[PDB]
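Notes follow once the structure below has been shown.
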Amino acid sequence: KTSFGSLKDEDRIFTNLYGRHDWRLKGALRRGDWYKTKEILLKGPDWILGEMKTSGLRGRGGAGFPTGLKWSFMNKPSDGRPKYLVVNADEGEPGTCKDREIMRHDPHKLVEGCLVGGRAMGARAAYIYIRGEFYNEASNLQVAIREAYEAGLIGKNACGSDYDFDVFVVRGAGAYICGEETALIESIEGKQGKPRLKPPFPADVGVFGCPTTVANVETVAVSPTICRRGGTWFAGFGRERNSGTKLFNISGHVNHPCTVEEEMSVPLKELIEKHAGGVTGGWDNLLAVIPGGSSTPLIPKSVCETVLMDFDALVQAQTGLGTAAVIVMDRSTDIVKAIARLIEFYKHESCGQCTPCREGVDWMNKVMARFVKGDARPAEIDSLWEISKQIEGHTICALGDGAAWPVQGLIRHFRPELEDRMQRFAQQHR
Amino acid sequence: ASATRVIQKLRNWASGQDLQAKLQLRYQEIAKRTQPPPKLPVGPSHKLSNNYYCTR
Ligand SMILES: Cc1cc2nc3c(=O)[nH]c(=O)nc-3n(C[C@H](O)[C@H](O)[C@H](O)COP(=O)(O)O)c2cc1C
Ligand code: SF4
């Protein structure tokens, strides 16, 4: 295949994305969840890991690290310690609502994925760390978990496969950094949401000091459909090394902002003009797109003309595919104000543990506010670029990288806009 | 500078040099003791980028 898109509804995984059917156990059984999962668990961990590897699924969390290898990091004999699967339901990143939608509309897919991943790695429990603001989503998840426990799919006999598994749901208390892997592990452990360094990796020392694996809700939920339908089908969808389906949250200056399920490698223009109803005012009215959530930098319309939605495609476009959050900004957008609002978000959500992110993101917030006002001189653009480069790669977690990247994208693309604002300010004072 | 012409001619003849052209006593040609405030320039390292200390 050379052209990607036009995903069929018979091939879409999240068949109840829009909540038009019952989200409870009866509706999930009608839609096909919890089918032959006992047979999957009896076929066991190595077969599921091989299925994930031949599916070639990458992490939906952000980084995109190969899920098969990441889950095979825990394919070890136990050293007397329990092993844990953790689900990252935080969804702190702006532009993103897909995990919220699938938690509140297809929760049994999440529970079955927790069971499948826990058996595939060897585990007694899956802790779903949900965002604290998602109270109704957490309650729906607990209702689905109670339904599964009553039906016997979870707990002391995993669908009659002589496997023991428990699924817990633990709520956060309002921190975007608690969506990070190690900070999420610490938040479950009961401390502040401060990320811990690697090594040790969570596959060796993780939650409570056990081998553990933190995985995205979308990854976990598409795991049992991958197991049922085979890895060859999922790998056949998408391009090479960027395979399968993806939930895209298109928001901003579009006619119909929405969450849709689409095949990977779809053109951005095709995706927007097909599912979002197009840019408000038109594709000529489009100015910029942030394609993978606020961690990824912006790209202007000229490169949005023919860009694809792959990890590799956005890397070649000097961006990344994060949470597949497409934020659209038209000609009426104050682009510097939008980027400064993102940097202010990162200033409010940095945990402050480590010096480069803490001090430098506060510094970037102040410099970006002065850039919005126009209150500087154009050498500060290169100064801010150097500050962002100092932040990036020197931090404990990747929040410093995700705060340095939008500044880098704005400086890379919309530098004459900054310079025009700055000289306008200079001439209207002098 | 207050010398009369007779004494000036006597001094010039007696020394062989034009003395009134180059007087060793400063009268008015020197700079004012009160000066306008200066603004000293900055060096080459006063820049906000490409100024890492390991490169210099
Ligand atoms: C500051 C920060 C916030 C993050 N927030 C989330 C989040 O809310 N949800 C998520 O699934 N991943 C989030 N991630 C990415 C996690 O590292 C990743 O999801 C986790 O390691 C699971 O990997 P996966 O993508 O293979 O599932 C965040 C990362 C960083 C640096
Ligand atoms: S990069 Fe920022 S959010 Fe991450 S550990 Fe450092 S201070 Fe905390």
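Counting begins at 1 with the first residue displayed.
Every residue, even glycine, has its Cβ placed from backbone N, Cα and C.
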Site-mate of A:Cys351, A:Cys354, A:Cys357 for [4Fe-4S] cluster in Swiss-Prot, selected among A:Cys304, A:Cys397: A:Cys397
Candidate annotated in Swiss-Prot as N6-succinyllysine, out of A:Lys36, A:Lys53, A:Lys301: A:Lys53
Of the residues A:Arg30, A:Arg229, A:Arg331, A:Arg370, the one that Swiss-Prot lists under omega-N-methylarginine: A:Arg229
Listed as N6-acetyllysine by Swiss-Prot, one of A:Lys76, A:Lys198: A:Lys76
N6-acetyllysine per Swiss-Prot (candidates: A:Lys70, A:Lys274, A:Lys347): A:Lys347
For A:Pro199 (FMN binding site), the number of other Cβ atoms found within 10 Å of its own Cβ: 6
Any further residue of that chain within 8 Å (Cβ to the Cβ centroid of A:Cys351, A:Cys354, A:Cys357, A:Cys397) of the recorded [4Fe-4S] cluster site: A:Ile177, A:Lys194, A:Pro195, A:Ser350, A:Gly352, A:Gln353, A:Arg358, A:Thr395, A:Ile396, A:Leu399, A:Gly400
Sparsest-packed of the listed binding-site residues (A:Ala63, A:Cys357) - C-beta count within 10 angstroms: A:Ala63
Of A:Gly59, A:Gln192, A:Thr213, A:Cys397, binding-site residues neighbouring ligand 1, Cβ under 6 A: A:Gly59, A:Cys397
Which of A:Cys351, A:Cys354, A:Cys397, the listed binding-site residues, has fewest other Cβ atoms within 10 Å: A:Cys354
Lowest local Cβ density among A:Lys53, A:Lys76, A:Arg171, A:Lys347, which the record lists as recorded positions, within 10 Å: A:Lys76
Spatial neighbours, same chain, of A:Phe65 (NADH binding site) - Cβ under 8 Å, 6+ residues apart: A:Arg58, A:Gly59
Binding-site residues listed as A:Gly59, A:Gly61, A:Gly206, least Cβ neighbours within 10 Å: A:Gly59
